[PDB]
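Student: As input, take model.cif (mmCIF, C-alpha atoms and all ligand atoms):
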data_work
#
loop_
_atom_site.label_atom_id
_atom_site.label_comp_id
_atom_site.auth_asym_id
_atom_site.auth_seq_id
_atom_site.Cartn_x
_atom_site.Cartn_y
_atom_site.Cartn_z
CA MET A 1 65.09 -99.51 46.49
CA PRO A 2 62.16 -100.19 44.14
CA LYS A 3 59.07 -98.16 45.04
CA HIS A 4 55.79 -100.06 44.71
CA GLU A 5 52.22 -98.84 45.07
CA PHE A 6 49.25 -101.03 45.99
CA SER A 7 45.52 -100.57 46.33
CA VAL A 8 44.18 -102.16 49.54
CA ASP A 9 40.50 -101.73 50.40
CA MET A 10 40.94 -100.71 54.03
CA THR A 11 37.76 -99.21 55.54
CA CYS A 12 38.74 -98.31 59.11
CA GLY A 13 41.79 -97.58 61.26
CA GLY A 14 41.85 -101.20 62.37
CA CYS A 15 42.19 -102.24 58.72
CA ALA A 16 45.24 -99.99 58.44
CA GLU A 17 46.76 -101.36 61.66
CA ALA A 18 46.42 -104.92 60.34
CA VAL A 19 48.14 -103.98 57.07
CA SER A 20 50.89 -102.46 59.20
CA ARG A 21 51.26 -105.66 61.22
CA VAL A 22 51.69 -107.99 58.25
CA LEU A 23 54.25 -105.65 56.69
CA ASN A 24 56.13 -105.35 60.00
CA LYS A 25 56.24 -109.14 60.20
CA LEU A 26 57.56 -109.49 56.66
CA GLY A 27 60.31 -106.98 57.34
CA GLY A 28 62.74 -105.34 54.96
CA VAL A 29 60.17 -102.72 54.03
CA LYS A 30 59.60 -98.97 54.21
CA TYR A 31 55.88 -98.30 53.88
CA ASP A 32 53.26 -95.58 53.88
CA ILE A 33 49.53 -96.22 54.34
CA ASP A 34 46.93 -93.73 53.09
CA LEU A 35 43.68 -95.02 54.63
CA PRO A 36 41.25 -92.54 53.01
CA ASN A 37 42.62 -93.30 49.54
CA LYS A 38 43.05 -97.05 50.14
CA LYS A 39 46.67 -96.89 49.00
CA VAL A 40 49.82 -98.49 50.38
CA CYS A 41 53.29 -97.52 49.16
CA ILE A 42 56.18 -99.89 49.82
CA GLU A 43 59.89 -99.39 49.17
CA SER A 44 61.60 -102.78 49.33
CA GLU A 45 63.94 -105.23 47.65
CA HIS A 46 61.33 -107.96 48.21
CA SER A 47 59.75 -109.00 44.92
CA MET A 48 56.41 -107.53 43.90
CA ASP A 49 55.17 -111.12 44.20
CA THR A 50 56.09 -111.34 47.86
CA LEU A 51 54.68 -107.91 48.69
CA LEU A 52 51.41 -108.77 46.94
CA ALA A 53 51.15 -112.12 48.72
CA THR A 54 51.91 -110.51 52.08
CA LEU A 55 49.24 -107.86 51.62
CA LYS A 56 46.69 -110.49 50.56
CA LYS A 57 47.22 -112.24 53.92
CA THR A 58 45.11 -109.49 55.49
CA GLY A 59 42.06 -110.88 53.74
CA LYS A 60 41.57 -107.53 52.02
CA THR A 61 41.16 -106.98 48.27
CA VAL A 62 44.56 -106.01 46.90
CA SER A 63 45.64 -104.74 43.49
CA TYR A 64 48.85 -103.29 42.05
CA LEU A 65 49.09 -99.58 41.22
CA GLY A 66 52.58 -100.07 39.84
CA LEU A 67 56.05 -98.65 40.34
CA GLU A 68 56.20 -95.02 41.42
CA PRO B 2 34.50 -129.20 67.46
CA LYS B 3 33.44 -125.56 67.75
CA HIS B 4 36.30 -123.16 68.52
CA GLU B 5 35.74 -119.59 69.68
CA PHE B 6 38.22 -116.78 69.06
CA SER B 7 38.42 -113.14 70.00
CA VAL B 8 39.39 -111.17 66.86
CA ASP B 9 39.74 -107.39 67.02
CA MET B 10 37.46 -106.43 64.12
CA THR B 11 36.32 -102.80 63.96
CA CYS B 12 34.19 -102.51 60.81
CA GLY B 13 32.30 -104.72 58.38
CA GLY B 14 35.40 -104.77 56.20
CA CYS B 15 37.32 -106.38 59.06
CA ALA B 16 34.76 -109.18 59.33
CA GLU B 17 34.81 -109.70 55.57
CA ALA B 18 38.60 -110.03 55.65
CA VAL B 19 38.29 -112.74 58.30
CA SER B 20 35.69 -114.52 56.17
CA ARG B 21 37.97 -114.46 53.14
CA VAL B 22 41.02 -115.98 54.82
CA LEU B 23 38.87 -118.70 56.40
CA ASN B 24 37.27 -119.43 53.02
CA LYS B 25 40.73 -119.75 51.48
CA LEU B 26 41.71 -122.26 54.16
CA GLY B 27 38.54 -124.19 53.38
CA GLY B 28 36.76 -126.93 55.28
CA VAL B 29 35.26 -124.51 57.78
CA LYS B 30 31.85 -123.52 59.10
CA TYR B 31 31.88 -120.21 60.94
CA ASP B 32 29.96 -117.25 62.28
CA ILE B 33 31.34 -113.78 62.84
CA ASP B 34 30.02 -111.39 65.48
CA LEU B 35 31.32 -107.87 64.79
CA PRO B 36 29.96 -105.99 67.84
CA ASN B 37 31.35 -108.60 70.23
CA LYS B 38 34.54 -109.18 68.22
CA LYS B 39 34.10 -112.95 68.18
CA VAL B 40 34.58 -115.67 65.58
CA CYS B 41 33.37 -119.24 66.04
CA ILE B 42 34.73 -122.00 63.84
CA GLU B 43 33.68 -125.62 63.41
CA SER B 44 36.32 -127.49 61.43
CA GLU B 45 38.55 -130.56 61.24
CA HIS B 46 41.57 -128.28 61.08
CA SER B 47 43.73 -128.15 64.19
CA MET B 48 43.73 -125.44 66.85
CA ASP B 49 47.09 -124.12 65.66
CA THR B 50 46.08 -124.05 62.00
CA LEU B 51 42.97 -121.97 62.70
CA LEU B 52 44.95 -119.67 65.02
CA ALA B 53 47.72 -119.19 62.46
CA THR B 54 45.17 -118.49 59.72
CA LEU B 55 43.51 -115.80 61.82
CA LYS B 56 46.80 -114.35 63.09
CA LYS B 57 48.17 -113.93 59.57
CA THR B 58 45.47 -111.32 58.90
CA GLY B 59 47.40 -108.89 61.07
CA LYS B 60 44.52 -108.60 63.53
CA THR B 61 44.80 -109.18 67.27
CA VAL B 62 43.60 -112.72 67.99
CA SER B 63 43.18 -114.84 71.13
CA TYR B 64 41.64 -118.26 71.78
CA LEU B 65 38.59 -118.27 74.07
CA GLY B 66 37.66 -121.95 74.20
CA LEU B 67 35.32 -124.64 72.86
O1 LIG A 101 38.99 -98.30 63.77
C1 LIG A 101 37.59 -98.31 63.84
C2 LIG A 101 37.05 -98.19 65.25
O2 LIG A 101 37.38 -96.90 65.79
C3 LIG A 101 36.36 -96.42 66.64
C4 LIG A 101 36.96 -96.03 68.01
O3 LIG A 101 37.30 -97.21 68.75
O4 LIG A 101 35.74 -95.24 66.01
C5 LIG A 101 36.60 -94.26 65.37
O5 LIG A 101 36.71 -94.49 63.91
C6 LIG A 101 35.45 -94.31 63.15
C7 LIG A 101 35.69 -94.59 61.70
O6 LIG A 101 36.00 -95.97 61.51
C8 LIG A 101 34.95 -92.87 63.37
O7 LIG A 101 33.69 -92.66 62.66
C9 LIG A 101 34.73 -92.63 64.83
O8 LIG A 101 34.27 -91.30 65.05
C10 LIG A 101 36.06 -92.83 65.58
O9 LIG A 101 35.93 -92.61 66.99
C11 LIG A 101 35.28 -97.55 66.68
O10 LIG A 101 33.96 -97.04 66.78
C12 LIG A 101 35.52 -98.30 65.39
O11 LIG A 101 35.08 -99.66 65.54
#
Just give me the structure of the file as structure tokens.
Ligand SMILES: OC[C@H]1O[C@@](CO)(O[C@H]2O[C@H](CO)[C@@H](O)[C@H](O)[C@H]2O)[C@@H](O)[C@@H]1O
Tutor:
Amino acid sequence: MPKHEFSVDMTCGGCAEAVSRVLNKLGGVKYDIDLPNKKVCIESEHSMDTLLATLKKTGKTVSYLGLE
Amino acid sequence: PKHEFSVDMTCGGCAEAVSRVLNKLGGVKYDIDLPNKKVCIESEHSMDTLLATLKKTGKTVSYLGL
């Protein structure tokens, strides 16, 4: 239910696909990826901690833009 | 031991991401070739560990050999 927003420095479509893959693997998420604006929105019951950790697995620089 | 992997990187940012996860793992010496989508790693870590570390990035990875 909570709606989180993250900054992920994706710089190509492949970067976006990889973010998609780690989120798909985690599961229990509803996400939206805005490549041009380096933003990823995630609606999930998973803690912000878990979402942050999952996104960091990509090797990309990740920051929190907060709750919607 | 020098392992070679195929990693589907499509921009400099993709290579940097690979570099960061390998650095986090530690104990590795590596070289990344973006145009040829290849990553070579010399480390004491096992085959599976290196593979899992690369796979967790969300990129398509396959082992090529030694
Ligand atoms: O995802 C990046 C990857 O896409 C390719 C096509 O395989 O190029 C596309 O994306 C570029 C931006 O990253 C565009 O400039 C280009 O016009 C478009 O075809 C690869 O060249 C690139 O590695």
Student: So which one's closest to chain B, A:67, A:35, A:55, A:1? Using all atoms listed in the file, please.
Tutor: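 The answer is A:55, which sits nearest to chain B.
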Student: Can you list every residue of chain B that has an atom at most 8 Å from ligand LIG 101 (chain A), with its nearest atom pair and the distance in Å to one decimal, using all atoms listed in the file, ordered by chain then number, as CSV?
Tutor:
residue,atom,partner,partner_atom,distance
B:10,CA,A:LIG101,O11,7.3
B:11,CA,A:LIG101,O11,3.7
B:12,CA,A:LIG101,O11,5.6
Student: Put a box with edges along x, y and z around all the listed atoms of range 46-49 of chain B, pad it by 3 Å on each side, then give me its centre and sizes in Å, one decimal, as AutoDock Vina command-line options.
Tutor:
--center_x 44.3 --center_y -126.2 --center_z 64.0 --size_x 11.5 --size_y 10.2 --size_z 11.8
Student: Here is a test: counting all atoms listed in the file, which residue of B:27, B:48, B:17, B:39 is nearest to residue 62 in chain B?
Tutor: B:39
Student: Would you mind listing, as a ChimeraX atom specification, all residues of chain B that have at least one atom within 10 Å of chain A, where all atoms listed in the file are what counts?
Tutor: /B:9-25,54-61
Student: Identify which of the residues B:8, B:2, B:32, B:66 lies closest to residue 45 in chain B, counting all atoms listed in the file when measuring atom-to-atom distances.
Tutor: B:2
Student: Work out how far CA of residue 8 in chain A is from CA of residue 43 in chain A, in Å to one decimal.
Tutor: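 If I compute the distance from CA of residue 43 in chain A to CA of residue 8 in chain A, I get 16.0 Å.
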Student: Just how far from CA of residue 38 in chain B is CA of residue 7 in chain A, in Å to one decimal?
Tutor: 26.0 Å
Student: Mind giving me the straight-line distance from CA of residue 50 in chain A to CA of residue 31 in chain A in Å, one decimal?
Tutor: 14.4 Å
Student: Please write as a ChimeraX atom specification the list of polymer residues whose atoms come within 8 Å of (47.0, -103.2, 39.2), counting all atoms listed in the file and keeping to the coordinates of the file.
Tutor: /A:6-7,63-66
Student: Looking at all atoms listed in the file, which of A:38, A:27, A:3, A:33 is the one that sits closest to residue 62 in chain A?
Tutor: A:38
